[PDB]
Amino acid sequence: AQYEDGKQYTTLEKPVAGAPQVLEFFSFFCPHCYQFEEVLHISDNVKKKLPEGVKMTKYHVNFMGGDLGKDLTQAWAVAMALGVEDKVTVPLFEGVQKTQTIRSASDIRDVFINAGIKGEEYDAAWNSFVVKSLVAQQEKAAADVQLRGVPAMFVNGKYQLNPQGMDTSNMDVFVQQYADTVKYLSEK
Numbered sequence: 001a002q003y004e005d006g007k008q009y010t011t012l013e014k015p016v017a018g019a020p021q022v023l024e025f026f027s028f029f030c031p032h033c034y035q036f037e038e039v040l041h042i043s044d045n046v047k048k049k050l051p052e053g054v055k056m057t058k059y060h061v062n063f064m065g066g067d068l069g070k071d072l073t074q075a076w077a078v079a080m081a082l083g084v085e086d087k088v089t090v091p092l093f094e095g096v097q098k099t100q101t102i103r104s105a106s107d108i109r110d111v112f113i114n115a116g117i118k119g120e121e122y123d124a125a126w127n128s129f130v131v132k133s134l135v136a137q138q139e140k141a142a143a144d145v146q147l148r149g150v151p152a153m154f155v156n157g158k159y160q161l162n163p164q165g166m167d168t169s170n171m172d173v174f175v176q177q178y179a180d181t182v183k184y185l186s187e188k
């Protein structure tokens with residue numbers, strides 16, 4: 001076939017019922033995640049080829065960067081609750097990997113302040129039970145799928161994207177193959 005299990009994707013031995021349609025995992029410490037976000041715009045090109053009715057989810061993970069890694073997962077929950085993902089994603093990536101100006105929770109907070117989220121609003125979110133359960137969901141989703149590596153994408157709790165099995169000579173071709181694979185798996 002043109003799409004083969006074990007080539008552009010793998011199948012989970014243990015399917016996850018009720019899982020989000022398109023579920024992506026990343027870490028602000030993750031070098032390919034930086035690429036996926038800033039150079040390849042994976043999330044956005046996938047969306048562009050997904051059908052109508054398809055929700056996309058993106059979660060942060062704890063297993064990179066120790067204590068700061070966890071802070072970043074709580075901060076992403078804050079970002080999701082406030083709907084400000086698209087204002088903080090780039091500065092968080094660059095602060096962690098490019099300028100290395102993010103070293104503490106206070107520095108993460110500065111990124112949100114500079115993006116125009118108010119102090120009061122951020123700290124209340126940070127401390128809220130709504131953000132606590134949002135952190136819980138991120139963790140449970142990762143735990144559900146054996147997650148020990150990022151970037152990762154899972155389709156319908158059943159299929160896992162395998163970017164290692166796609167050409168990387170050309171970044172535009174890589175992205176289209178990736179998105180087309182998601183679409184194919186979507187329709188599966």
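Residue numbers (the deposited numbering): 1 to 188. Beta carbons: idealized from backbone N, C-alpha and C, even for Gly.
Confirm, please, whether the CB-CB distance from residue j to residue i is below 8 Å.
i     : j      : result
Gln97 : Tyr34  : yes
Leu40 : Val22  : no
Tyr59 : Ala141 : yes
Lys87 : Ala115 : yes
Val90 : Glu38  : yes
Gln8  : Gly165 : yes
Looking only at C-alpha atoms, which of the options sits nearest to residue i?
i      : options                           : result
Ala17  : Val155, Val182, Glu187 and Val175 : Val155
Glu139 : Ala77, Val88, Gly119 and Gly53    : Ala77
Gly83  : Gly65, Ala136 and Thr57           : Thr57
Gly157 : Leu185, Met171, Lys132 and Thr168 : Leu185
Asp71  : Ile42, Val46 and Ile102           : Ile102
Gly65  : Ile117, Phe93 and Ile42           : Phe93
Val182 : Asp167, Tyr159 and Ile113         : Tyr159
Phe26  : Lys14, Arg148, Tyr122 and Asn114  : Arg148
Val145 : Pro20, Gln2, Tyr3 and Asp172      : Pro20
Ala152 : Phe36, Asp180 and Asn127          : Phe36
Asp5   : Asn170, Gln176, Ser169 and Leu161 : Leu161
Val175 : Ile108, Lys47 and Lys132          : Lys47
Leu68  : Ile117, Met171 and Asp107         : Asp107
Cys30  : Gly95, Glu120, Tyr122 and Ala79   : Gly95
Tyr122 : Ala75, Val150, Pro163 and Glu187  : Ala75
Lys132 : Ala79, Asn45 and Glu187           : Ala79
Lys14  : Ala143, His32, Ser43 and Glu52    : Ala143
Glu187 : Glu52, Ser128, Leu12 and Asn45    : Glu52
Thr10  : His32, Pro163 and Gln177          : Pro163
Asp44  : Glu85, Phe63 and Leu12            : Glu85
Please state the DSSP three-state secondary structure of residue i.
i      : result
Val182 : helix
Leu23  : strand
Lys58  : strand
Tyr34  : helix
Residue i and residue j look like a contact to me (Cβ under 8 Å); what is the Cβ gap, rounded to whole Å?
i      : j      : result
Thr73  : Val54  : No, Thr73 and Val54 are not in contact; Cβ-Cβ is about 25 Å, not under 8 Å.
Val130 : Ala81  : 6 Å
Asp167 : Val173 : 6 Å
With respect to 7 Å, is the separation between the Cβ of residue i and the closest non-hydrogen atom of the ligand SAH below this value?
i      : result
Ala124 : Of the ligands one can find in the structure shown there are none, so the ligand SAH has no counterpart to examine.
Within the segment 80-114, ranges of the alpha helix (DSSP H) (whole runs, at least 4 residues): 85-93 and 105-114
Those runs of the alpha helix (DSSP H) which lie wholly inside the segment 115-182 and span at least 4 residues: You should have 119-127 and 129-144.
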